[PDB]
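Enquirer: What follows is a structure written as structure tokens; I'll ask about it next.
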Amino acid sequence: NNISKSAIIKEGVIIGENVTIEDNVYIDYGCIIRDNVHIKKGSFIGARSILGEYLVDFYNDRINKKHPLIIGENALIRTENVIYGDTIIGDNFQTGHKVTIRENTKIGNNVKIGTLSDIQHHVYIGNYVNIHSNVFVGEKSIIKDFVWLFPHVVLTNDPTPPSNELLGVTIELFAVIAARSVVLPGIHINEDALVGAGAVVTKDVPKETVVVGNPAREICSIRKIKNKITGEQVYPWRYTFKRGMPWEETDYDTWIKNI
Amino acid sequence: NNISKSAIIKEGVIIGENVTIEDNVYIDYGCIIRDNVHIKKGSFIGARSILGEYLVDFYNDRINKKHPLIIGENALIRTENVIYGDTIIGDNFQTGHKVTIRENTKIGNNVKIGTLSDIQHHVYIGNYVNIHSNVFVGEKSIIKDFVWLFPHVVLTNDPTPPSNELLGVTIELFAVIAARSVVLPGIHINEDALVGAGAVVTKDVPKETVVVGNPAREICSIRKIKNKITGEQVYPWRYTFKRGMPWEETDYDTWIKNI
Amino acid sequence: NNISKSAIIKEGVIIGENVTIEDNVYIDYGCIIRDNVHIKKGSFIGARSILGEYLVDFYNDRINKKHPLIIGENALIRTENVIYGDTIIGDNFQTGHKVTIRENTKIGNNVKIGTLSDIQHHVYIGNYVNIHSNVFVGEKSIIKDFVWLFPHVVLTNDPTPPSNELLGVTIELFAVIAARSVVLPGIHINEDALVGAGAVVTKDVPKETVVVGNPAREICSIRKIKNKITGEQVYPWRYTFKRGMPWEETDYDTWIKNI
Ligand SMILES: CC(C)(COP(=O)(O)OP(=O)(O)OC[C@H]1O[C@@H](n2cnc3c(N)ncnc32)[C@H](O)[C@@H]1OP(=O)(O)O)[C@@H](O)C(=O)NCCC(=O)NCCS
Ligand SMILES: CC(C)(COP(=O)(O)OP(=O)(O)OC[C@H]1O[C@@H](n2cnc3c(N)ncnc32)[C@H](O)[C@@H]1OP(=O)(O)O)[C@@H](O)C(=O)NCCC(=O)NCCS
Ligand SMILES: CC(C)(COP(=O)(O)OP(=O)(O)OC[C@H]1O[C@@H](n2cnc3c(N)ncnc32)[C@H](O)[C@@H]1OP(=O)(O)O)[C@@H](O)C(=O)NCCC(=O)NCCS
Ligand SMILES: Cc1cn([C@H]2C[C@H](O)[C@@H](COP(=O)(O)OP(=O)(O)O[C@H]3O[C@H](C)[C@H](O)[C@H](N)[C@H]3O)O2)c(=O)[nH]c1=O
Ligand SMILES: Cc1cn([C@H]2C[C@H](O)[C@@H](COP(=O)(O)OP(=O)(O)O[C@H]3O[C@H](C)[C@H](O)[C@H](N)[C@H]3O)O2)c(=O)[nH]c1=O
Ligand SMILES: Cc1cn([C@H]2C[C@H](O)[C@@H](COP(=O)(O)OP(=O)(O)O[C@H]3O[C@H](C)[C@H](O)[C@H](N)[C@H]3O)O2)c(=O)[nH]c1=O
């Protein structure tokens, strides 16, 4: 192991082998840090979380194989998060409570995953992605930058279950999936699209389009939407909302010029 | 601190500062009692729960600020509940497992919150409220006395997400929201209304009215409903159901005369 | 107690009385094994799980009554599962994380229950049943062999809530309930039926029938369904899918001849 003198490791913490904990990481009461886990500088790991959780192969003979987990700098991981090995999480990651993240998954920077969320294996999550409470993200899902998944959203992948050939969902830049929506396997949700709350999305959703219902149906251009309090046009949301975004201190247009 | 000699504190328990535990409180294995938490007499706190959980400001510099949490008398809090500071919970509170309750929230007396439920910040819950399994209660929601939220209900608050101006839902006295229903932001569910299972509630629901569907539509007066086993009129439910209610030992009419 | 010399009991484990742990059982960090729990040979019990969790009667006077829990051979129980007393689980059981299983419940062999699932009391689950992530199974539900419940499915039981007379759902052999579906009380889902994702099932679903929508409506024979990748007829699924099934090494027809 390699643990920094500035790291704060509370009691009850259990540490395995081939563990690297950088500078100013704080590991709260009772976490279990299994083998092959690397936590980058400045991170906070919440009470009782279990990092580098066992992949299936461990159970064959109870011998833990090597499946490195890396968590980027300055994470703010809340209590009891369970994160599998063979996964990579970028910088400035934040979570709510009791989140579960599987193996062979990649999560970008400045991503937020809320309480109870369940990220399966072989998932791709980009940067500045916001996944709220109890969202189910099935294997093979691809979530592009700036997408928002509201509470209780479920992204599926078996088109005619149970079957052998899975098709993951792809959610393109800035699309928002409102709460309690379920997306069917292999569907493409296009850029700046809006899936209304509770929808059952059975077909691809075209860019800048709003769909609602079971089955979801297109009701209009996202541009038609007016803020309910101020009467202003809302979407694309990048010009009306910037809390926690990279253009927070400027404006989208200037920011995107620079990138 | 101030801990009663009659309190039973199991092992693994971790206690912070400015903690007050009254008489005959029982704190099960491994709970973490962070600073500024007051647990009233007779309460049971389940294994591994974490009380007075850190608000966001702690993370600025890892210095825990003062945000008192008070839990009323005779709570029956199950395992692994996470409850934030700056919140008040009344007497005879009961929970299921792994419930999460945020800050700046107020919960009345004789309230029940089930397994996995997630109560966000700035929520108001009255008395004799029953929230069943895995209900998501968003910030600014106002839940009046005697309301029932069935498993997987989700109360939302961002009308055109992501946006800055939130509108909480208000659920009036005795209304029942059946399972897997989602309520849109700022909706008013009126007294004795019934939201049928799985509904997507997009408009206010008038008193004593039953709505179903996606989007929910009024189908009839709640009074039209017959018990499926006995054929008797069901609603208002206060005259047909009294298990755990304050008129349990009498009758509604006599009881309400007295209050 | 009766604990095998071959059992591996990690630290932090807490064991009560009248506990029997067979040969080659492995109990991971911090589990709490309350009284009257019998874990059969070869089982793995994940970190921080709590087995033989207290029934309601304990709380009367904080005296734990006798409600035996038995877990069959070779379980693979993941972290933080909470399992009540007065319940029986068969052999080769596997779970995801943070699953909750209530009392007076019976679970067969080769059953899988995923992350966050919540099994209430007085539930019946047969063999080779697959319950995926965050499924809510209400009391009195009867789930027959080979049934699949996809993420976020919810089986209800109070027909006109809150009421006193509950009616459990019955899911017959091999039926599949797709994700985010809710089934109303007392409904019968017949053999080899398919409930499409997100459905609101308000009426019995006839054998080999596919229903979709809110409220769910019959759209066709399950036999009409073609695999989306291969174009082949999918159902009954027993002839097209066999991963983890008892006819995995043979074929259904030969297998069922033998049983
Ligand atoms: C997409 C959305 C913004 C559109 O709502 P809207 O602007 O209020 O649409 P309208 O109020 O103009 O209603 C338009 C019509 O579509 C219906 N409708 C609106 N949203 C619907 C939905 N999610 N599902 C089904 N029907 C819907 C309305 O009932 C109305 O139908 P009607 O007048 O014929 O009876 C809204 O459905 C939504 O999803 N809000 C997000 C809630 C959320 O999840 N926030 C994040 C979590 S806090
Ligand atoms: C509101 C409720 C009681 C009405 O159910 P109901 O009395 O069976 O209504 P009916 O059986 O008379 O059916 C009336 C019509 O409305 C439809 N309907 C009933 N409930 C519906 C629902 N929740 N969503 C959509 N449609 C619904 C029925 O299919 C029928 O339609 P149809 O005959 O044209 O095909 C029921 O929907 C419900 O919510 N039960 C609560 C289940 C629950 O969540 N319990 C608590 C958790 S245990
Ligand atoms: C039942 C199911 C297989 C049928 O999907 P399907 O074969 O794609 O049906 P189709 O694509 O031929 O679409 C048929 C029609 O029914 C509609 N439809 C399909 N599934 C629907 C659903 N779940 N709810 C409502 N409508 C649905 C389609 O939109 C189309 O309507 P339209 O053409 O008039 O606009 C699918 O709904 C489903 O449930 N897949 C399972 C997803 C899942 O939960 N997997 C397990 C978790 S990974
Ligand atoms: C900040 C914080 C978050 N969380 C969890 C709760 C949620 O599951 C997840 C995100 O919570 P958050 O307060 O950061 O919420 P936000 O992601 O900021 O979402 C808000 O803004 C959105 C645009 C929408 O308007 C939404 N309705 C609002 O809640 O993280 C905690 O558990 N504790 C915390 O202290
Ligand atoms: C009593 C008890 C409750 N709980 C959790 C389970 C649920 O999430 C929540 C409420 O469970 P509960 O048994 O007290 O159920 P109730 O609130 O009594 O709801 C029942 O009555 C309602 C009218 C409806 O008919 C409903 N379908 C029934 O389950 O608390 C436990 O985890 N363990 C327990 O021992
Ligand atoms: C194997 C495994 C499962 N689990 C949990 C995750 C789920 O909640 C539950 C089942 O996960 P699983 O990988 O065994 O999935 P399966 O039950 O194999 O389901 C797959 O195959 C089905 C036919 C459908 O195509 C489905 N979309 C696929 O995911 O157990 C873990 O937490 N860790 C694990 O390592």
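As shown in the structure tokens, the chain order sets the letters A, B, ...; within each chain, residues go from 1, and ligands are also counted from 1 in the order they appear.
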For chain B, which residues have at least one atom within 7 Å of chain C, if we go by only C-alpha atoms? Write them as number ranges by chain, please.

Expert: B: 180, 198, 213-214, 227-229, 237, 241

Enquirer: Please save N, CA and C atoms of the selected residues as a PDB file, in the first residue's frame.

Expert:
```pdb
ATOM      1  N   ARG B 180     -46.634   3.803  -7.446  1.00  0.00           N
ATOM      2  CA  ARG B 180     -45.952   4.099  -8.714  1.00  0.00           C
ATOM      3  C   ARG B 180     -46.502   5.310  -9.501  1.00  0.00           C
ATOM      4  N   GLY B 198     -49.997   4.122 -10.512  1.00  0.00           N
ATOM      5  CA  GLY B 198     -49.191   4.363 -11.683  1.00  0.00           C
ATOM      6  C   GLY B 198     -49.487   5.648 -12.417  1.00  0.00           C
ATOM      7  N   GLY B 213     -54.418   7.018 -14.791  1.00  0.00           N
ATOM      8  CA  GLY B 213     -53.828   7.187 -16.119  1.00  0.00           C
ATOM      9  C   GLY B 213     -52.599   8.074 -16.293  1.00  0.00           C
ATOM     10  N   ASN B 214     -52.162   8.113 -17.544  1.00  0.00           N
ATOM     11  CA  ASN B 214     -51.014   8.891 -17.961  1.00  0.00           C
ATOM     12  C   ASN B 214     -51.489   9.598 -19.242  1.00  0.00           C
ATOM     13  N   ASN B 227     -65.742  -1.568  -1.686  1.00  0.00           N
ATOM     14  CA  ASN B 227     -64.698  -2.489  -1.295  1.00  0.00           C
ATOM     15  C   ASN B 227     -64.843  -3.729  -2.173  1.00  0.00           C
ATOM     16  N   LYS B 228     -63.718  -4.169  -2.728  1.00  0.00           N
ATOM     17  CA  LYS B 228     -63.680  -5.339  -3.626  1.00  0.00           C
ATOM     18  C   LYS B 228     -64.047  -6.696  -3.028  1.00  0.00           C
ATOM     19  N   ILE B 229     -63.937  -6.791  -1.709  1.00  0.00           N
ATOM     20  CA  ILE B 229     -64.261  -8.009  -0.992  1.00  0.00           C
ATOM     21  C   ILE B 229     -65.640  -7.924  -0.351  1.00  0.00           C
ATOM     22  N   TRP B 237     -61.991   7.242   3.507  1.00  0.00           N
ATOM     23  CA  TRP B 237     -61.446   6.119   4.231  1.00  0.00           C
ATOM     24  C   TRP B 237     -61.471   6.234   5.730  1.00  0.00           C
ATOM     25  N   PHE B 241     -61.503   2.685   7.795  1.00  0.00           N
ATOM     26  CA  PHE B 241     -60.177   2.191   8.159  1.00  0.00           C
ATOM     27  C   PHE B 241     -59.682   2.918   9.386  1.00  0.00           C
TER      28      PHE B 241
END
```

Enquirer: If you run DSSP on this backbone, which residues of range 152-249 of chain B come out as helix (DSSP H, G or I), and could you give them as a PyMOL selection string?

Expert: chain B and resi 222-224+237-239

Enquirer: If you measure from CA of residue 105 in chain A to CA of residue 129 in chain C, what distance in Å do you get, rounded to one decimal?

Expert: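 According to the coordinates, CA of residue 105 in chain A and CA of residue 129 in chain C are separated by 27.1 Å.
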
Enquirer: For residue 121 in chain B, work out the shell of residues within 12 Å, counting only C-alpha atoms and skipping chain neighbours fewer than 4 positions away, then give it as a PyMOL selection string.

Expert: chain B and resi 55-56+83-88+100-107+125+136-142+168

Enquirer: Using 8 Å as the limit and counting only C-alpha atoms and all ligand atoms, can you tabulate each residue of chain A that touches ligand 4, with its shortest atom-to-atom distance in Å and the two atoms involved, as JSON lines?

Expert:
```
{"residue": "A:78", "atom": "CA", "partner": "ligand 4", "partner_atom_place_in_ligand_line": "32 (O)", "distance": 7.1}
{"residue": "A:94", "atom": "CA", "partner": "ligand 4", "partner_atom_place_in_ligand_line": "30 (O)", "distance": 7.5}
{"residue": "A:95", "atom": "CA", "partner": "ligand 4", "partner_atom_place_in_ligand_line": "30 (O)", "distance": 5.5}
{"residue": "A:96", "atom": "CA", "partner": "ligand 4", "partner_atom_place_in_ligand_line": "5 (C)", "distance": 3.7}
{"residue": "A:97", "atom": "CA", "partner": "ligand 4", "partner_atom_place_in_ligand_line": "32 (O)", "distance": 5.4}
{"residue": "A:112", "atom": "CA", "partner": "ligand 4", "partner_atom_place_in_ligand_line": "30 (O)", "distance": 6.9}
{"residue": "A:113", "atom": "CA", "partner": "ligand 4", "partner_atom_place_in_ligand_line": "9 (C)", "distance": 6.1}
{"residue": "A:114", "atom": "CA", "partner": "ligand 4", "partner_atom_place_in_ligand_line": "8 (O)", "distance": 3.2}
{"residue": "A:115", "atom": "CA", "partner": "ligand 4", "partner_atom_place_in_ligand_line": "8 (O)", "distance": 4.0}
{"residue": "A:116", "atom": "CA", "partner": "ligand 4", "partner_atom_place_in_ligand_line": "8 (O)", "distance": 7.3}
{"residue": "A:117", "atom": "CA", "partner": "ligand 4", "partner_atom_place_in_ligand_line": "8 (O)", "distance": 7.8}
{"residue": "A:130", "atom": "CA", "partner": "ligand 4", "partner_atom_place_in_ligand_line": "17 (O)", "distance": 6.3}
{"residue": "A:131", "atom": "CA", "partner": "ligand 4", "partner_atom_place_in_ligand_line": "9 (C)", "distance": 7.3}
{"residue": "A:132", "atom": "CA", "partner": "ligand 4", "partner_atom_place_in_ligand_line": "8 (O)", "distance": 4.6}
{"residue": "A:133", "atom": "CA", "partner": "ligand 4", "partner_atom_place_in_ligand_line": "8 (O)", "distance": 3.8}
{"residue": "A:134", "atom": "CA", "partner": "ligand 4", "partner_atom_place_in_ligand_line": "8 (O)", "distance": 7.2}
{"residue": "A:150", "atom": "CA", "partner": "ligand 4", "partner_atom_place_in_ligand_line": "26 (C)", "distance": 7.6}
{"residue": "A:151", "atom": "CA", "partner": "ligand 4", "partner_atom_place_in_ligand_line": "8 (O)", "distance": 7.6}
```

Enquirer: Using only C-alpha atoms, determine which residues lie at most 9 Å from residue 22 in chain A, disregarding the query and same-chain residues fewer than 2 positions distant; provide the list as a list in words.

Expert: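 That gives residues 2, 3, 4, 5, 6, 7, 20, 24, 25, 38, 39, 40, 41, 42, 43 and 73 of chain A.
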
Enquirer: Take the residues just selected and output them with N, CA and C atoms as a PDB file, in the first residue's frame.

Expert:
```pdb
ATOM      1  N   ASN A   2       0.079   2.377  -0.284  1.00  0.00           N
ATOM      2  CA  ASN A   2       0.628   3.722  -0.360  1.00  0.00           C
ATOM      3  C   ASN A   2      -0.387   4.719   0.142  1.00  0.00           C
ATOM      4  N   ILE A   3      -0.318   5.034   1.421  1.00  0.00           N
ATOM      5  CA  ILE A   3      -1.270   5.972   1.979  1.00  0.00           C
ATOM      6  C   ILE A   3      -0.599   7.229   2.508  1.00  0.00           C
ATOM      7  N   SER A   4      -1.103   8.364   2.041  1.00  0.00           N
ATOM      8  CA  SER A   4      -0.582   9.662   2.442  1.00  0.00           C
ATOM      9  C   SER A   4      -0.661   9.980   3.924  1.00  0.00           C
ATOM     10  N   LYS A   5       0.313  10.721   4.451  1.00  0.00           N
ATOM     11  CA  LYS A   5       0.338  11.087   5.867  1.00  0.00           C
ATOM     12  C   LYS A   5      -0.792  12.100   6.156  1.00  0.00           C
ATOM     13  N   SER A   6      -1.223  12.836   5.114  1.00  0.00           N
ATOM     14  CA  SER A   6      -2.313  13.827   5.210  1.00  0.00           C
ATOM     15  C   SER A   6      -3.686  13.162   5.078  1.00  0.00           C
ATOM     16  N   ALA A   7      -3.727  11.914   4.640  1.00  0.00           N
ATOM     17  CA  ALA A   7      -5.020  11.259   4.585  1.00  0.00           C
ATOM     18  C   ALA A   7      -5.566  11.110   6.013  1.00  0.00           C
ATOM     19  N   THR A  20      -4.029   2.566  -2.775  1.00  0.00           N
ATOM     20  CA  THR A  20      -3.323   3.847  -2.806  1.00  0.00           C
ATOM     21  C   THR A  20      -4.274   4.988  -2.478  1.00  0.00           C
ATOM     22  N   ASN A  24      -4.692  14.194   1.464  1.00  0.00           N
ATOM     23  CA  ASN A  24      -5.914  14.839   1.960  1.00  0.00           C
ATOM     24  C   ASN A  24      -7.179  14.140   1.583  1.00  0.00           C
ATOM     25  N   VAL A  25      -7.139  12.821   1.627  1.00  0.00           N
ATOM     26  CA  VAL A  25      -8.323  12.055   1.312  1.00  0.00           C
ATOM     27  C   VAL A  25      -8.843  11.854   2.724  1.00  0.00           C
ATOM     28  N   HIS A  38      -7.506   2.757  -5.853  1.00  0.00           N
ATOM     29  CA  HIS A  38      -6.747   4.001  -5.867  1.00  0.00           C
ATOM     30  C   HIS A  38      -7.667   5.251  -5.717  1.00  0.00           C
ATOM     31  N   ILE A  39      -7.536   5.941  -4.599  1.00  0.00           N
ATOM     32  CA  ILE A  39      -8.366   7.107  -4.391  1.00  0.00           C
ATOM     33  C   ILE A  39      -7.489   8.368  -4.483  1.00  0.00           C
ATOM     34  N   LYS A  40      -7.765   9.164  -5.503  1.00  0.00           N
ATOM     35  CA  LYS A  40      -7.034  10.398  -5.746  1.00  0.00           C
ATOM     36  C   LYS A  40      -7.185  11.547  -4.752  1.00  0.00           C
ATOM     37  N   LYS A  41      -6.223  12.457  -4.776  1.00  0.00           N
ATOM     38  CA  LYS A  41      -6.237  13.519  -3.795  1.00  0.00           C
ATOM     39  C   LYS A  41      -7.456  14.358  -3.499  1.00  0.00           C
ATOM     40  N   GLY A  42      -7.581  14.663  -2.228  1.00  0.00           N
ATOM     41  CA  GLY A  42      -8.656  15.546  -1.798  1.00  0.00           C
ATOM     42  C   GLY A  42     -10.024  14.875  -1.635  1.00  0.00           C
ATOM     43  N   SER A  43     -10.141  13.610  -2.023  1.00  0.00           N
ATOM     44  CA  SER A  43     -11.434  12.936  -1.928  1.00  0.00           C
ATOM     45  C   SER A  43     -11.939  12.655  -0.539  1.00  0.00           C
ATOM     46  N   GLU A  73      -9.708  12.886  -8.377  1.00  0.00           N
ATOM     47  CA  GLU A  73      -9.552  13.858  -7.322  1.00  0.00           C
ATOM     48  C   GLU A  73     -10.817  14.577  -6.846  1.00  0.00           C
TER      49      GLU A  73
END
```

Enquirer: Of the candidates C:27, C:75, C:169, C:189, which shows the shortest atom-to-atom distance to ligand 2, using only C-alpha atoms and all ligand atoms?

Expert: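 That would be C:169, the residue with the smallest distance to ligand 2.
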
Enquirer: Between B:89, B:149, B:8, B:225, which is the closest to ligand 5 once you count only C-alpha atoms and all ligand atoms?

Expert: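 Going through B:89, B:149, B:8, B:225 one by one, the smallest distance to ligand 5 is for B:149.
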
Enquirer: Check the smallest atom-to-atom distance from each of C:179, C:119, C:245, C:211 to ligand 3 using only C-alpha atoms and all ligand atoms, then report the winner.

Expert: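 Using only C-alpha atoms and all ligand atoms, the shortest distance to ligand 3 belongs to C:179.
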